[PDB]
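Chemist:
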Amino acid sequence: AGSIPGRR
Amino acid sequence: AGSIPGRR
Amino acid sequence: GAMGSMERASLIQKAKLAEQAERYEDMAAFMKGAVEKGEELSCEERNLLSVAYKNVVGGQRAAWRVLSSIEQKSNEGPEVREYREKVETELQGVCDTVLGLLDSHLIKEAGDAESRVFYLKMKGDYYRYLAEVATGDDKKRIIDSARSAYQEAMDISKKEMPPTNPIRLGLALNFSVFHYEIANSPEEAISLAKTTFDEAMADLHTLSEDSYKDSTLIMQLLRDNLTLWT
Amino acid sequence: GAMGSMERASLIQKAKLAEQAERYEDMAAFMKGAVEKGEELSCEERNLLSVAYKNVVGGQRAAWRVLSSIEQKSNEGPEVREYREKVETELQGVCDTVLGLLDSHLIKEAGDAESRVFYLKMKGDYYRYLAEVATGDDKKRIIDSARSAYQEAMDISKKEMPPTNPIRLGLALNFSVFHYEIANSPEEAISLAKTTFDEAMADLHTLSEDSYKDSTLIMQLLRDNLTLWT
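Protein chains in written order, with this note's numbering: chain A, 50 to 57; chain B, 50 to 57; chain C, 190 to 419; chain D, 190 to 419.
(1) How is D/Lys402 classed by DSSP in three states: helix, strand or coil?
(2) Output, in sequence order along the chain, the residues in the stretch 361 to 376 of chain D whose CB is closer than 7 Å to any CB in chain B.
(3) For D/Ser199, which residues in chain C fall below 9 Å Cβ to Cβ?
(4) Sorted by chain position, which residues of the same chain lie with C-beta nearer than 7 Å to D/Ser374's C-beta, five sequence neighbours on each side aside?
(5) Starting from the beta carbon of C/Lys203, find every residue of chain D whose beta carbon is closer than 7 Å, and list them in chain order.
(6) Would you tell me roughly how many angstroms separate the C-alpha atoms of C/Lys275 and D/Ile201, rounded to the nearest one?
(7) Are the Cβ atoms of D/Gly190 and D/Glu225 separated by less than 8 Å?
(8) So is C/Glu211 in contact with chain D if we call contact Cβ pairs under 8 Å?
(9) Compare the C-alpha of C/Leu256 against each of C/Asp215, C/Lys348, C/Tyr242 and C/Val322 and name the closest.
(10) With C/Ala389 and C/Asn414 assumed to form a contact (beta carbons below 8 Å), what rounded beta-carbon distance in angstroms separates them?
(11) Spatial neighbours of C/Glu341 within its chain, please: C-beta separation below 7 Å, excluding the five flanking residues on both sides.
(12) So the candidates are C/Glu228, C/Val269, C/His294 and C/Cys232; which of them puts its Cα closest to the Cα of D/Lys205?
(13) Identify which residue in D/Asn244, D/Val245, D/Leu410 and D/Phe307 has its Cα closest to the Cα of D/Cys232.
(14) C/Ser337: which of C/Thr419, C/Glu376, C/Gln249 and C/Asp314 sits nearest, CA to CA?
(15) Could you pull out every residue in the same chain whose Cβ sits closer than 6 Å to the Cβ of C/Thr405, ignoring the five residues on either side in sequence?
(16) Check whether the Cβ atoms of C/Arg412 and C/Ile371 lie closer than 8 Å to each other.
(17) In whole angstroms, give me the CA-to-CA distance for D/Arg305 and D/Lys221.
(18) I'd like the span of the alpha helix (DSSP H) that includes D/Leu238, first residue to last.
(19) Is the CB of C/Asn264 under 8 Å away from at least one CB in chain A?
(20) Going along the chain, which residues of the stretch 213 to 240 of chain D sit with their C-beta nearer than 7 Å to a C-beta in chain B?
(21) By the 9 Å beta-carbon criterion, what residues does the stretch 323 to 348 of chain D contribute toward chain C?
(22) If we count the other Cβ atoms within 10 Å of its Cβ and call it buried at 16 or more, is C/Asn244 buried or exposed?
(23) Is it buried or exposed, B/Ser52, if we count other Cβ atoms within 10 angstroms and call 16 or more buried?
(24) Find the residues of chain C that neighbour D/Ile259, judging by a C-beta separation of less than 9 Å, and give them in chain order.
(25) Measuring only between beta-carbons, confirm whether D/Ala252 sits less than 8 Å from chain C.
(26) I'd like to know whether the C-beta of D/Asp403 is nearer than 8 Å to at least one C-beta of chain B.
(27) The alpha helix (DSSP H) spanning C/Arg317 covers which residue range?
(28) Taking all protein chains shown into account, decide if D/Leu360 is buried (16 or more other Cβ within 10 angstroms of its Cβ) or exposed.
(29) Quick one: grab the DSSP three-state call for A/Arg57.
(30) Less than 6 Å between C-beta atoms, sequence neighbours within five positions excluded: which residues of the same chain meet that for C/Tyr213?
(31) For a contact defined as C-beta to C-beta under 7 Å, what are the partners of C/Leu256 on chain D?
(32) Have a look at C/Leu230 and C/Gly266 and give me their C-alpha separation to the nearest angstrom.
(33) Any chance the CB of D/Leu415 is under 7 Å from a heavy atom of the ligand SAM?
(34) Report the CB separation of C/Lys328 from C/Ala320 in whole angstroms; it is logged as a contact under 8 Å.
(35) Return the CA-CA distance between C/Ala218 and C/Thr278, expressed in angstroms with no decimal places.
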């Protein structure tokens, strides 16, 4: 399950 | 220019 | 604190530089210093705070999972357990630091829905990360603290934000992950992701091209989870 | 030091775990503790020491280059310079730490060619990283220290190791980068890379399949540089 990712 | 890389 | 002699604006500028240099520990320290100046944070500043700590704790969580996997295989010297414990304690310290900033005094000063929801989502997330490593004792209480923060954020977001708002969408995404991965409630996770996705779809017609891109990007993450869970 | 109460074997075990968890700062601290136990390092232990510090300093160098580029564009408030200086000082401290381990007392105790060449190559590399950030004052002296370490390593390697030995090859590769990037001697860099490649090619017939794979991998890096430089 994916949560909001860290920025780019 | 590439030197020896860090490990994997 | 450690950043007490640096100007607020200089801390913010250096946090942006640290992000560009991928120096997330430095970024988080600069943003902690900025929060401790005592002024509320703008939208951009809240994002810098969240990005910094999400990257720091994300690396700690990845390392903890590698070590926990090795330790479990070893249990089927004390060194693997000791080192997993060291990483775990460091991770817990970062989560406690973030939660302390939210409690002193970001949440209580946040009156607009956008800021209050953002900070309550963060509070849910950092309790969720504490729950990932917790074992039985206050594990239940940590889980309830995450649930309570996410629920208050959900209640505000449903009353005050459109269904396509990116923070409302990311809150729902992360609360659905909480239900699936932490609370052992996969049906609640699936229901929340589906309802969130469907209500956002029905509101896309109101958006500009740029807002449409922002909202559909998070909707795709909801869909990706639903595909994995069903 | 900080690791004085931990057993040598436990420090080595934890360095291997830290590598698996991609916790290179921890890895370097464990290996520093192991070196400070005062015993010589095995081949595998030397590799752990080098991998740990190469990754730590590699991240610092990448961040320094991002910040130095921003600073140069700004020069065509004090914050970018201040933060570049902070990263630079941290990088210099890591290089000084490695050089201090080599001087106290890894090099003087290294009698076999494999260990002495390995440590002298490291000494060249860490002076080279100091040279990348040095500006005029002891910049010349830092460059000469790198050159002298690499040259002693080259002299030993040519007398004591076959032309396909991976440490001999990596030493030549890194000394060629020194010539090209630091010493403003691109013709010397090209000559060294070409001669090293050709002498290794002529010795491949002596190798097993596994040694052949090890040597040809580094030869390809020499070829990649020659393609970029010519």
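Yeah, the Cβ is synthetic: ideal placement off N, Cα and C, and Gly gets one too.
Modeler: Well, looking at it:
(1) Against the fourth sequence, residue 402 of chain D aligns to sequence position 213. Note: D/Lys402 maps to helix in three-state DSSP.
(2) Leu362, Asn363, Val366, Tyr369 and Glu370
(3) As a first step, residue 199 of chain D must be located in the fourth sequence, where it is residue number 10. In chain order: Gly266, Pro267, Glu268 and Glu271.
(4) Position 185 of the fourth sequence, counted from the start, is the residue given in the question as residue 374 of chain D. Taken in chain order, the residues that qualify are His368.
(5) Walking along the third sequence from the start, residue 203 of chain C turns up at place 14. Near C/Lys203 (Cβ distances below 7 Å), the residues of chain D are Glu268 and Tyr272.
(6) The residue given as residue 275 of chain C occupies position 86 in the third sequence. The residue given as residue 201 of chain D occupies position 12 in the fourth sequence. If I take the Cα positions, the gap works out to 16 Å.
(7) Position 1 of the fourth sequence, counting from 1, holds the residue named residue 190 of chain D. Position 36 of the fourth sequence, counting from 1, holds the residue named residue 225 of chain D. Taking 8 Å as the Cβ cut-off, D/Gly190 and D/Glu225 qualify as a contacting pair.
(8) Numbered from 1 along the third sequence, position 22 holds the residue referred to as residue 211 of chain C. Judged by the 8 Å Cβ criterion, C/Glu211 is in contact with chain D.
(9) Mapped onto the third sequence, residue 256 of chain C falls at position 67. Relative to C/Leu256, the option among C/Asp215, C/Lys348, C/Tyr242 and C/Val322 whose CA is nearest is C/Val322.
(10) Translated into the one-based positions of the third sequence, residue 389 of chain C becomes position 200. Translated into the one-based positions of the third sequence, residue 414 of chain C becomes position 225. Rounded, the Cβ-Cβ distance is 14 Å, inconsistent with contact.
(11) Position 152 of the third sequence, counting from 1, holds the residue named residue 341 of chain C. Contacts found: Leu309.
(12) Numbered from 1 along the fourth sequence, position 16 holds the residue referred to as residue 205 of chain D. If we check each option's Cα against that of D/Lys205, C/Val269 comes out closest.
(13) Within the fourth sequence, the letter at position 43 stands for residue 232 of chain D. The shortest Cα separation from D/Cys232 among D/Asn244, D/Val245, D/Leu410 and D/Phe307 belongs to D/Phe307.
(14) Your numbering for residue 337 of chain C matches position 148 in the third sequence. Answer by Cα proximity: C/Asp314.
(15) Locating residue 405 of chain C in the third sequence gives position 216, counting from the first residue. Within the same chain, C/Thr405 has no close Cβ partners at all.
(16) Position 223 of the third sequence, counted from the start, is the residue given in the question as residue 412 of chain C. Position 182 of the third sequence, counted from the start, is the residue given in the question as residue 371 of chain C. Not closer than 8 Å, so no.
(17) Residue mapping note: residue 305 of chain D aligns to position 116 of the fourth sequence, counting from 1. Residue mapping note: residue 221 of chain D aligns to position 32 of the fourth sequence, counting from 1. Distance between the alpha carbons of D/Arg305 and D/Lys221 is about 18 Å.
(18) For the purposes of this step, residue 238 of chain D is identified with residue 49 of the fourth sequence, where counting begins at 1. Counting along the chain, the alpha helix (DSSP H) containing D/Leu238 begins and ends at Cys232 to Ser263.
(19) For the purposes of this step, residue 264 of chain C is identified with residue 75 of the third sequence, where counting begins at 1. So, not an interface residue.
(20) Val240
(21) none
(22) For the purposes of this step, residue 244 of chain C is taken as residue 55 along the third sequence, with counting starting at 1. Looking at its Cβ environment, which holds 16 or more other Cβ atoms inside 10 Å, C/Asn244 is buried.
(23) As a position in the second sequence, residue 52 of chain B is number 3, starting the count at 1. Buried, since its Cβ has 16 or more Cβ neighbours within 10 Å.
(24) Mapped onto the fourth sequence, residue 259 of chain D falls at position 70. The contact set of D/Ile259 on chain C, defined by CB atoms closer than 9 Å, consists of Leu206, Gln209 and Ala210 in chain order.
(25) The residue labelled residue 252 of chain D in the question sits at position 63 within the fourth sequence. Judged by the 8 Å Cβ criterion, D/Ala252 is in contact with chain C.
(26) Working through the fourth sequence from its first residue, we reach residue 403 of chain D at position 214. Contact with chain B is absent for D/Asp403, since none of that chain's Cβ atoms lies less than 8 Å from the residue's Cβ.
(27) Counting from one through the third sequence, the residue named residue 317 of chain C turns up at place 128. Per DSSP, C/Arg317 belongs to the alpha helix (DSSP H) from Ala302 to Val322.
(28) Numbered from its first residue, the fourth sequence carries residue 360 of chain D at position 171. Buried, because 16 or more other Cβ atoms sit within 10 Å of the Cβ of D/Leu360.
(29) On the first sequence, residue 57 of chain A is found 8 positions in, with the first residue counted as 1. In the three-state reduction of the DSSP assignment, A/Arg57 falls in the coil class.
(30) Residue mapping note: residue 213 of chain C aligns to position 24 of the third sequence, counting from 1. Counting only Cβ-Cβ distances below 6 Å, and skipping sequence neighbours, we find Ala241, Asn244 and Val245.
(31) Residue numbering aside, residue 256 of chain C sits at position 67 when the third sequence is read from its first letter. Simply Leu206 and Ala210.
(32) As a working mapping, residue 230 of chain C is identified with position 41 in the third sequence. As a working mapping, residue 266 of chain C is identified with position 77 in the third sequence. Their Cα atoms are separated by approximately 48 Å.
(33) This structure simply doesn't include the ligand SAM, nor any ligand for that matter.
(34) If you number the third sequence from 1, residue 328 of chain C lands on position 139. If you number the third sequence from 1, residue 320 of chain C lands on position 131. That pair is a contact at about 7 Å.
(35) Position 29 of the third sequence holds residue 218 of chain C. Position 89 of the third sequence holds residue 278 of chain C. Spanning the two alpha carbons is a distance of roughly 18 Å.
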